[PDB]
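Undergrad: First, the structure itself, so that you have it in front of you.
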Amino acid sequence: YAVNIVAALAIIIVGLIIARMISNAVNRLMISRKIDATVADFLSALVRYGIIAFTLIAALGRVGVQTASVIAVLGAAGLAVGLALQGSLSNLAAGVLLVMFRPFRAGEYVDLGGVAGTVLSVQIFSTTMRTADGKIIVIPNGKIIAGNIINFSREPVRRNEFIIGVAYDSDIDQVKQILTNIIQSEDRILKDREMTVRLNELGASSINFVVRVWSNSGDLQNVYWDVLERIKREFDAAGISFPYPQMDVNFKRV
Amino acid sequence: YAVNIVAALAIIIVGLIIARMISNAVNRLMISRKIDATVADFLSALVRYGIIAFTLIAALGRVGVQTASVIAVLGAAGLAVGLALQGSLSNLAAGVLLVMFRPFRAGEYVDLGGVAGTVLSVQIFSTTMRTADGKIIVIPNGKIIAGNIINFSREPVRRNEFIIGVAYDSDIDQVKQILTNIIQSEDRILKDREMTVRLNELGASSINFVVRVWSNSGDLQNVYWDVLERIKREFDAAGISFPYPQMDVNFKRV
Amino acid sequence: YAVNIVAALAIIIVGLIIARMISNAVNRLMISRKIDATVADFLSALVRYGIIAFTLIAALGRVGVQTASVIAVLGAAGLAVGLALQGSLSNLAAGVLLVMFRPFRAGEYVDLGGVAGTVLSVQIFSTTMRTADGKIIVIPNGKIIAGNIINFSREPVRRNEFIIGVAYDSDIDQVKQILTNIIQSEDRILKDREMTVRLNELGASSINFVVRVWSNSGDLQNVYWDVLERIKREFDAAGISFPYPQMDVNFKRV
Amino acid sequence: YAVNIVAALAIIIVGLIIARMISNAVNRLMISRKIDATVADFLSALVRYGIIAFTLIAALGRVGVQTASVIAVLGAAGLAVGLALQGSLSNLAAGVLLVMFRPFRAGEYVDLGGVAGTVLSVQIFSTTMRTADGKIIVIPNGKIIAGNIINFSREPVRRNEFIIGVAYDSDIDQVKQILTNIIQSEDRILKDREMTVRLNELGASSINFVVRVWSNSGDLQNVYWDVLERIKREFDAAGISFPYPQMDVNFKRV
Amino acid sequence: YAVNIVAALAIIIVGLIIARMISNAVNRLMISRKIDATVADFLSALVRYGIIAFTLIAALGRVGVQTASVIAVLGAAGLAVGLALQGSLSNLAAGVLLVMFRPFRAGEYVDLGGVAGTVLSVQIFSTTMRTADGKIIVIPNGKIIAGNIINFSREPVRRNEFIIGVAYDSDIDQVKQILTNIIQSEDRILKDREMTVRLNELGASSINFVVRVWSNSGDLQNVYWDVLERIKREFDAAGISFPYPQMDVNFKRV
Amino acid sequence: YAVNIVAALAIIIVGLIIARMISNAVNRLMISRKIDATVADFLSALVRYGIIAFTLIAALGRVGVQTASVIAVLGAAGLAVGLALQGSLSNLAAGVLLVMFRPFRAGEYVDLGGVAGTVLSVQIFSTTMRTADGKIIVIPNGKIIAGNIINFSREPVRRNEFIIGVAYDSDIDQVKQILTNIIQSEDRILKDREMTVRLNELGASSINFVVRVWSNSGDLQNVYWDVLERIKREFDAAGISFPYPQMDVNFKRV
Amino acid sequence: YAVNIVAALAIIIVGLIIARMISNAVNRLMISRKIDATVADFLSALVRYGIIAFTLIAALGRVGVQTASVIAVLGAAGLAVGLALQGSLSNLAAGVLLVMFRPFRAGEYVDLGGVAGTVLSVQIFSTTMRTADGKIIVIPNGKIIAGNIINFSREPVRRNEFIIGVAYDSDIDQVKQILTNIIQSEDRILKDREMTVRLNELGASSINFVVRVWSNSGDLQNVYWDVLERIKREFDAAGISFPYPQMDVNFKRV
């Protein structure tokens with residue numbers, strides 16, 4: 001009736017003292033194999049939890065009598081292990097596809113669903129990637145093949161999207177002529193591709209022209225800065241005013 | 001009692017040294033089959049993890065005695081493999097439906113739930129698609145048949161939705177006449193379909209007319225830019241003022 | 001010990017060369033059955049992956065010896081296939097209910113949880129629907145019976161919800177009389193149903209009347225535009241001013 | 001070795017031609033049973049997919065030899081069917097509880113987690129409900145017993161929550177007296193219940209009184225409109241000003 | 001070969017006609033047991049779906065021959081039933097814990113993760129709760145023990161959090177003295193507990209004092225209204241001005 | 001054929017009448033064991049649902065004949081029970097770790113992923129915690145070890161983060177000197193740790209200094225109030241102005 | 001018929017009294033093993049719930065007769081235990097990978113998907129991490145390898161991203177010269193890396209220059225404060241004005 005219960009708890013007691021013994025043993029073979037002062041404690045806790053799990057399945061093998069009282073609960077605690085290693089091993093199967101079917105390698109400035117940065121290394125569970133401002137990010141591989149791996153450095157040619165808000169009173173032909181003269185004077189702009197400068201929308205306080213300019217991927221930010229400084233200089237020189245947010249106030253003196 | 005445990009750990013030690021041996025062997029047959037310097041290390045780590053899994057199931061086959069002590073935990077670790085390959089192989093089954101039941105092919109400017117761009121290629125796990133500004137995006141196929149695959153280039157005819165905010169004091173008939181004259185003068189607009197220019201809402205600072213204009217899919221952005229530049233020119237010529245955000249300030253001199 | 005491993009890897013090598021052979025064979029029977037230049041490569045990759053899976057289960061049938069070493073891992077990789085075809089075949093079972101228990105058919109301007117448009121066709125995995133501006137959207141059927149399928153063209157009669165912001169100094173009886181005269185003069189408004197014009201809330205810069213007007217589903221947008229243009233014309237004629245966003249500025253000259 | 005594979009593919013070919021034959025047969029018994037021109041094609045595709053599934057399980061019964069090679073993959077593809085009919089049949093089990101344990105019936109203006117409207121009918125997979133502006137919404141029953149089914153017409157008595165922003169310089173006793181006189185003069189307000197008119201918060205541009213008024217569920221919107229029009233009329237008559245958004249501008253002449 | 005298929009479909013035909021017969025039979029014993037005109041149709045549809053499921057498992061028992069062709073697919077469709085009754089019966093197991101381990105009973109004004117209201121009754125699948133404005137909400141119990149069940153009426157003593165924005169030029173000692181005099185003059189405030197009136201932050205347009213005042217749970221809103229009306233009256237009497245949103249405008253006459 | 005069905009339904013009828021009998025019996029032994037008037041009804045409904053489940057499995061044991069017709073559906077309805085007790089018993093396993101591996105005990109003012117308050121008691125399914133304003137919150141333990149359990153009272157020393165916006169025309173050395181004099185004059189500030197007062201950002205209308213001041217956890221809010229009142233007093237005394245939101249208005253008289 | 005039911009309930013009664021006995025016994029061996037006054041009650045409740053589960057499975061072993069009536073429901077309640085220990089033990093398997101495959105150790109100021117702080121310790125279920133303002137956060141490890149573990153202190157070199165809004169009338173060469181002189185005069189800036197000072201965008205009220213400056217990770221905030229104070233001082237000295245939010249007001253005197 002209960003003699004199997006009290007015997008099983010006695011086996012759990014000897015399982016705890018042998019958990020202490022094999023934790024010291026795994027620390028000994030850890031310092032025999034490769035020295036690390038803090039992971040030997042967690043390896044000891046892992047083999048301790050495993051051996052009290054083995055003492056647990058021996059315990060309910062002793063107490064349970066009917067036909068499969070140990071077998072069902074053993075496959076049960078194993079299914080707990082299985083759903084536990086769902087996310088921790090799906091990163092492994094994702095890391096298989098990340099290099100065998102590689103959408104990026106170590107060196108392309110990529111963007112892994114949100115954060116962006118050049119990949120330092122694709123490891124077997126993580127992707128250590130230096131972001132644009134030095135913060136090393138590692139990302140679990142089950143999140144990389146969950147979202148869009150938007151690469152940048154795979155295509156050598158990219159496109160700049162300027163938006164230059166000018167005032168309503170400015171002549172459209174003068175602004176389009178000066179903008180096309182600017183994007184024609186710059187030699188880093190690829191002149192074969194789409195160079196569109198036209199009126200994009202009529203916003204609240206201003207109109208604003210889209211200037212879509214293609215360039216190589218390496219000179220992209222340099223073009224985006226140089227053309228914009230050129231736009232500011234030429235628009236200040238040519239009298240085409242940049243507008244502050246306008247407002248039409250109607251007075252009412254009470 | 002514990003002699004099966006210490007024998008099982010000895011088998012794990014010979015499993016580690018044979019993991020080293022078969023990692024060198026799989027590197028040798030990798031450079032025999034097809035050369036790649038970095039995936040042979042990860043293939044070696046994969047076969048290493050697999051063979052310590054085989055040593056693990058041999059270990060708990062040695063230690064576990066009862067009826068199915070190896071079988072339940074083996075189906076367990078296999079179910080861990082199964083839930084791990086849930087997301088990594090659902091992309092494969094999605095990539096079956098993506099081409100056998102194809103909603104898009106390589107060349108249509110499409111939008112895969114968020115990001116948008118022409119598809120370069122539909123591979124077996126990803127869809128490499130060049131976005132509109134050169135950033136190559138790959139997307140896992142389990143996300144494509146999770147969201148709306150909103151195509152653009154499947155229908156040859158699309159619709160432009162202008163909104164032109166004009167002032168309250170402007171005559172409605174003059175604005176509607178000039179807008180219909182503009183969308184009638186343009187020949188790229190398909191004159192058979194819906195050409196609606198009517199007062200859409202009365203906003204806070206302005207009224208604004210919706211101009212729904214259909215066109216071919218190739219000339220869509222060119223129509224949206226040319227008609228809008230025409231609207232700005234004709235409204236500046238005809239004296240119909242574009243309004244800045246109005247405000248009715250009531251004074252109070254203390 | 002390891003002779004089963006090296007024999008199993010040899011079987012994987014002959015599985016790779018017969019994967020090449022049956023990929024050429026499935027390309028041959030594909031061009032025999034129905035010509036498509038790009039799906040025969042992906043069908044070849046599918047039968048290639050299937051036959052290396054069969055070589056894999058033969059491999060661990062050779063290496064595994066105990067009782068069910070092939071059977072547990074075979075049901076495992078099959079359960080990987082099963083969870084992979086969870087989402088890819090739930091669209092099929094949803095597409096059964098979408099037409100057998102049909103909430104919409106090809107032609108009703110519907111809204112499938114977010115995006116909206118007339119359905120071109122309900123296929124067996126997708127619903128190709130032209131949106132209101134020409135973008136063909138296909139939607140996986142497992143998302144349609146996940147969200148609200150808000151139909152519009154099933155009920156022939158719908159309701160317009162005007163909100164007309166007028167100034168605080170305007171007389172309420174004059175605005176209600178002119179609005180009821182407008183919605184009574186229009187004959188496309190169904191005069192039997194709810195025609196409510198009353199003061200809805202007192203906003204910050206204005207008061208605003210709700211004008212709830214029912215109409216047929218086909219004339220709905222035409223009524224919403226014509227009544228609103230009538231409201232603008234009659235309110236400009238009757239002197240009831242439309243207010244810009246007011247503000248009460250208290251001065252303080254330092 | 002491979003003779004079972006090529007024989008299995010031959011059986012798949014006769015399964016395809018008998019899929020065509022039984023698709024014509026199910027179309028024939030469909031026009032014998034009940035005529036519908038488009039669902040017979042999808043019923044034909046369903047029985048076609050089912051019979052190639054039966055040919056598939058016969059195929060891997062032929063090729064697989066060991067002990068349970070057909071049985072594990074058959075329970076696998078069945079588990080794919082099971083997880084596919086997870087969401088498609090949970091709506092059925094929800095529709096059981098929706099009427100056996102009914103929180104609403106056809107006629108109460110209810111709100112099913114987001115969208116709101118009177119229920120036209122509670123079907124076995126959906127709840128066709130007319131919203132307040134004519135758009136017929138059907139909602140899958142697995143979403144109704146996922147969220148709060150906030151009923152309105154179950155309780156006959158509801159409460160109006162007015163917020164009337166008045167200026168800071170207004171006398172509090174005059175506003176409270178006029179508001180209580182208004183909510184006492186109206187006879188549709190239930191005088192037994194909570195009639196609270198007190199200063200609720202001191203906002204940025206104004207103070208604002210909460211007027212909590214109970215009424216019957218049928219006269220609720222009529223009370224909310226009539227009392228608010230009464231508030232506007234009496235506050236314009238009594239000189240208690242309604243404030244526009246105030247601002248305290250401190251000058252600085254450079 | 002196919003004689004089992006055509007015999008199985010014949011059994012499905014007699015299953016459909018006996019589904020009609022037992023639907024009439026369950027309607028007869030429903031009007032024998034307890035009368036309800038609309039749930040007998042859905043009970044008839046439920047027993048109809050169950051008996052075509054039994055005809056289906058008899059059908060694939062006839063067609064499937066090998067070893068467990070009926071057993072695997074029967075446990076499969078049962079697992080479909082099981083995952084279907086996941087959410088529909090987890091509400092039952094939550095409703096066990098909701099009353100055996102009760103965090104609230106019928107009468108405490110509680111807040112069940114979002115919406116808030118006094119509980120009318122805790123049923124076995126739902127919690128009918130009247131919200132503060134009469135809308136009866138029922139909530140599935142699997143959502144209550146998913147989120148925070150933030151009770152209010154379990155603790156008899158609660159705390160009011162006033163924030164009174166006053167101008168920068170006001171003396172801090174005068175405001176703190178008048179506020180402490182107000183919260184000392186009110187007798188419904190519990191004088192033993194935390195009565196903190198101090199400067200909380202320096203906002204953009206004003207400074208604002210936090211007045212944390214404890215009271216009984218029944219008099220909480222009455223204290224929050226009475227103390228605030230007292231604050232408005234005493235601050236208008238004592239000359240401490242309430243500030244409108246300030247702004248420091250620097251002129252520039254072009 | 002159907003005699004097992006009608007006999008099974010007869011057994012369901014005697015299961016319903018014995019469900020009534022054992023519901024009265026469990027009410028009798030409930031008032032024998034421990035009196036509670038409302039949970040005996042729900043315990044009666046629970047044992048009623050359990051015994052109609054036993055009558056159901058006896059029913060499909062009678063009707064089902066083949067090999068495991070009762071066994072598969074019994075493990076099925078049990079798996080429904082299992083997924084039902086997923087969330088209702090994961091709180092138990094979380095409550096094990098919450099006290100055996102305790103990150104907080106009854107008395108530390110903690111924050112359990114969102115809401116914050118001192119823990120009154122950690123029960124076996126919930127954590128009754130009084131929030132800072134008296135609202136007793138209970139939280140299911142499966143949500144506590146889902147989110148960050150951000151403790152406050154575990155570390156005795158915390159840090160105040162002042163932000164004091166001053167005008168652009170103010171001298172930086174005077175503000176830094178007065179702020180360091182204030183945070184040096186206060187003795188509750190721990191003078192050993194980080195006392196940083198430097199210019200943090202240049203906002204739109206003002207500059208603003210961060211004043212990071214460490215203190216004990218008990219005196220934290222008292223320091224944050226006293227230092228801020230000291231800042232207001234000393235800045236009003238020293239002529240360093242606090243700025244309202246500035247604006248640079250450029251006139252245009254039409 | 002029912003004698004097994006009443007005998008099973010009698011066994012549940014002796015299971016309750018032996019639950020009391022073994023709860024006292026586990027309290028006795030708890031004070032024998034290691035003293036803790038409150039976890040012995042919860043350990044007693046855990047062994048109480050376990051032993052009524054054993055009495056429950058003995059009860060339905062007595063009542064259920066057919067073939068596997070105890071076995072299916074026992075694997076069922078065990079699967080309830082398994083899905084309960086899904087989330088509570090996935091933290092363990094995540095904590096294995098967190099230290100064996102370590103992306104951070106105790107001491108690096110890291111950011112675990114949202115909240116950020118230096119890790120005090122990585123325990124076996126949680127990561128106690130002191131945030132930047134003293135609030136000790138523990139985080140379950142199943143959430144760490146769900147999101148991006150964005151480290152900061154792994155890379156020794158990071159980057160500051162200044163944005164300095166200056167007025168439109170300011171000369172671009174003067175601002176770029178003064179900014180480069182400032183970031184060249186500071187010696188803590190790493191002069192080898194990217195020192196970009198160029199015009200970044202033309203905002204509404206101002207233009208604004210990005211100043212991207214790299215530095216060591218320890219001096220990062222000190223550089224960000226010192227360079228910004230230098231920017232304020234040098235821009236006030238050199239006459240380059242900092243702009244308040246501009247506005248272009250057009251008058252209209254009614």
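Naming scheme: A, B, ... for chains in displayed order of the structure tokens; residues 1 onward per chain; ligands 1 onward as shown.
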Please provide the set of residues having any atom within 8 Å of region 120-135 of chain G, restricted to only C-alpha atoms, with same-chain residues fewer than 2 positions apart removed, written as JSON, numbers by chain.
TA: {"A": [42], "F": [150, 151, 152, 153, 155, 157, 158, 159, 160], "G": [91, 92, 95, 96, 99, 105, 106, 107, 115, 116, 117, 118, 137, 138, 139, 140, 141]}
Undergrad: Between chain B and chain A, at 6 Å or less, what are the per-residue closest atom pairs and their distances in Å? Count only C-alpha atoms, order by chain and rising residue number, and return it as a tab-separated table.
TA:
residue	atom	partner	partner_atom	distance
B:72	CA	A:75	CA	4.7
B:73	CA	A:78	CA	5.4
B:76	CA	A:78	CA	5.0
B:77	CA	A:82	CA	5.7
B:79	CA	A:82	CA	5.7
B:80	CA	A:82	CA	4.1
B:83	CA	A:86	CA	5.3
B:84	CA	A:90	CA	4.0
B:133	CA	A:159	CA	4.9
B:134	CA	A:158	CA	4.5
B:135	CA	A:152	CA	4.8
B:136	CA	A:151	CA	5.2
B:137	CA	A:150	CA	4.1
B:138	CA	A:149	CA	5.4
B:139	CA	A:148	CA	4.7
B:140	CA	A:145	CA	5.9
B:229	CA	A:199	CA	6.0
B:244	CA	A:247	CA	5.5
B:245	CA	A:247	CA	5.1
B:246	CA	A:248	CA	4.5
B:247	CA	A:249	CA	4.8
B:248	CA	A:250	CA	4.8
B:249	CA	A:251	CA	5.3
B:250	CA	A:252	CA	4.6
B:251	CA	A:253	CA	5.1
Undergrad: Just write the chosen residues, N, CA and C atoms, as a JSON list (two decimals), in the first residue's frame.
TA:
[["chain", "number", "residue", "atom", "x", "y", "z"],
["B", 72, "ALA", "N", 10.94, 5.11, -24.74],
["B", 72, "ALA", "CA", 10.17, 6.32, -24.44],
["B", 72, "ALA", "C", 11.04, 7.56, -24.55],
["B", 73, "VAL", "N", 12.26, 7.50, -24.01],
["B", 73, "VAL", "CA", 13.15, 8.66, -24.09],
["B", 73, "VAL", "C", 13.71, 8.84, -25.50],
["B", 76, "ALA", "N", 11.05, 10.51, -27.26],
["B", 76, "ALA", "CA", 11.04, 11.84, -26.67],
["B", 76, "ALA", "C", 12.03, 12.77, -27.34],
["B", 77, "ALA", "N", 13.31, 12.37, -27.40],
["B", 77, "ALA", "CA", 14.32, 13.20, -28.05],
["B", 77, "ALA", "C", 14.05, 13.32, -29.54],
["B", 79, "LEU", "N", 10.94, 13.51, -30.64],
["B", 79, "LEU", "CA", 9.87, 14.51, -30.69],
["B", 79, "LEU", "C", 10.43, 15.91, -30.48],
["B", 80, "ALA", "N", 11.55, 16.02, -29.76],
["B", 80, "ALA", "CA", 12.29, 17.27, -29.71],
["B", 80, "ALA", "C", 12.81, 17.65, -31.09],
["B", 83, "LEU", "N", 9.50, 18.77, -33.18],
["B", 83, "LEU", "CA", 9.10, 20.14, -32.93],
["B", 83, "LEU", "C", 10.18, 21.14, -33.31],
["B", 84, "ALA", "N", 11.45, 20.72, -33.35],
["B", 84, "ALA", "CA", 12.49, 21.60, -33.86],
["B", 84, "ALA", "C", 12.34, 21.81, -35.36],
["B", 133, "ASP", "N", 14.08, 49.76, -53.30],
["B", 133, "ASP", "CA", 15.32, 50.50, -53.13],
["B", 133, "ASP", "C", 16.50, 49.57, -52.90],
["B", 134, "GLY", "N", 16.57, 48.48, -53.67],
["B", 134, "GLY", "CA", 17.78, 47.71, -53.80],
["B", 134, "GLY", "C", 18.10, 46.74, -52.69],
["B", 135, "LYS", "N", 17.45, 46.84, -51.53],
["B", 135, "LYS", "CA", 17.73, 45.94, -50.43],
["B", 135, "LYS", "C", 17.15, 44.57, -50.75],
["B", 136, "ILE", "N", 18.01, 43.59, -51.01],
["B", 136, "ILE", "CA", 17.54, 42.23, -51.23],
["B", 136, "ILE", "C", 16.97, 41.68, -49.94],
["B", 137, "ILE", "N", 15.70, 41.30, -49.98],
["B", 137, "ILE", "CA", 15.01, 40.67, -48.86],
["B", 137, "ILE", "C", 14.79, 39.22, -49.22],
["B", 138, "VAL", "N", 15.13, 38.32, -48.31],
["B", 138, "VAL", "CA", 14.64, 36.95, -48.38],
["B", 138, "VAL", "C", 13.61, 36.79, -47.29],
["B", 139, "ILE", "N", 12.59, 35.99, -47.56],
["B", 139, "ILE", "CA", 11.46, 35.84, -46.65],
["B", 139, "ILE", "C", 11.20, 34.35, -46.51],
["B", 140, "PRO", "N", 11.11, 33.81, -45.30],
["B", 140, "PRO", "CA", 10.77, 32.39, -45.15],
["B", 140, "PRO", "C", 9.35, 32.13, -45.59],
["B", 229, "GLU", "N", 1.67, 67.41, -60.61],
["B", 229, "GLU", "CA", 2.36, 68.62, -61.06],
["B", 229, "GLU", "C", 1.43, 69.49, -61.89],
["B", 244, "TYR", "N", -2.48, 76.61, -46.13],
["B", 244, "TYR", "CA", -1.71, 76.18, -44.98],
["B", 244, "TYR", "C", -2.68, 75.84, -43.85],
["B", 245, "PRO", "N", -2.24, 75.08, -42.83],
["B", 245, "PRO", "CA", -3.13, 74.77, -41.70],
["B", 245, "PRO", "C", -3.66, 76.00, -40.98],
["B", 246, "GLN", "N", -4.97, 76.21, -41.10],
["B", 246, "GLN", "CA", -5.59, 77.42, -40.60],
["B", 246, "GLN", "C", -5.76, 77.34, -39.09],
["B", 247, "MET", "N", -6.07, 78.49, -38.50],
["B", 247, "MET", "CA", -6.30, 78.62, -37.07],
["B", 247, "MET", "C", -7.06, 79.91, -36.85],
["B", 248, "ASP", "N", -8.02, 79.88, -35.94],
["B", 248, "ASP", "CA", -8.85, 81.04, -35.64],
["B", 248, "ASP", "C", -8.52, 81.48, -34.22],
["B", 249, "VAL", "N", -7.64, 82.46, -34.10],
["B", 249, "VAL", "CA", -7.14, 82.91, -32.81],
["B", 249, "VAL", "C", -8.02, 84.04, -32.31],
["B", 250, "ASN", "N", -8.56, 83.88, -31.11],
["B", 250, "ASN", "CA", -9.32, 84.93, -30.44],
["B", 250, "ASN", "C", -8.42, 85.59, -29.40],
["B", 251, "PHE", "N", -8.24, 86.90, -29.51],
["B", 251, "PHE", "CA", -7.31, 87.60, -28.64],
["B", 251, "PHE", "C", -7.91, 87.80, -27.26]]
Undergrad: Just the residues within 9 Å of region 2-9 of chain E, please, counting only C-alpha atoms, with nothing from its chain fewer than 5 positions along; format it as a VMD selection string.
TA: chain E and resid 14 55 to 56 58 to 64
Undergrad: Save the residues we just selected, C-alpha atoms, as a compact mmCIF listing (two decimals), in the first residue's frame?
TA:
# COMPACT_ATOMS: atom_id res chain seq x y z
CA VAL E 14 -27.15 5.06 -45.35
CA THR E 55 -19.78 6.24 -40.72
CA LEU E 56 -16.43 7.71 -41.78
CA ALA E 58 -16.49 2.52 -40.52
CA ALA E 59 -15.70 3.53 -44.11
CA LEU E 60 -11.93 3.66 -43.62
CA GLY E 61 -12.21 0.51 -41.55
CA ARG E 62 -13.68 -1.13 -44.64
CA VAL E 63 -11.22 0.37 -47.14
CA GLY E 64 -8.06 0.23 -45.03
Undergrad: What parts of region 3-242 of chain G does DSSP call strand (DSSP E or B)? I'd like the answer as a VMD selection string.
TA: chain G and resid 109 to 112 116 to 122 126 to 131 136 to 138 140 149 to 151 157 to 166 189 196 to 202 207 to 216
Undergrad: List the neighbours of residue 208 (chain F) out to 6 Å using only C-alpha atoms; skip same-chain residues closer than 3 positions along the sequence, and give me the result as an mmCIF file with C-alpha atoms, in the first residue's frame.
TA:
data_model
loop_
_atom_site.group_PDB
_atom_site.id
_atom_site.type_symbol
_atom_site.label_atom_id
_atom_site.label_comp_id
_atom_site.auth_asym_id
_atom_site.auth_seq_id
_atom_site.Cartn_x
_atom_site.Cartn_y
_atom_site.Cartn_z
ATOM 1 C CA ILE F 164 15.458 69.640 -14.926
ATOM 2 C CA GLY F 165 14.663 71.661 -18.010
ATOM 3 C CA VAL F 166 16.191 75.146 -17.895
#
Undergrad: Just want the 12 Å neighbourhood of residue 233 (chain E), counted on only C-alpha atoms, with same-chain residues fewer than 2 positions away dropped. Output as a list in words.
TA: residues 168, 169, 170, 171, 172, 173, 199 and 202 of chain D; 178, 179, 182, 226, 227, 228, 229, 230, 231, 235, 236, 237, 238, 239, 240, 241 and 242 of chain E
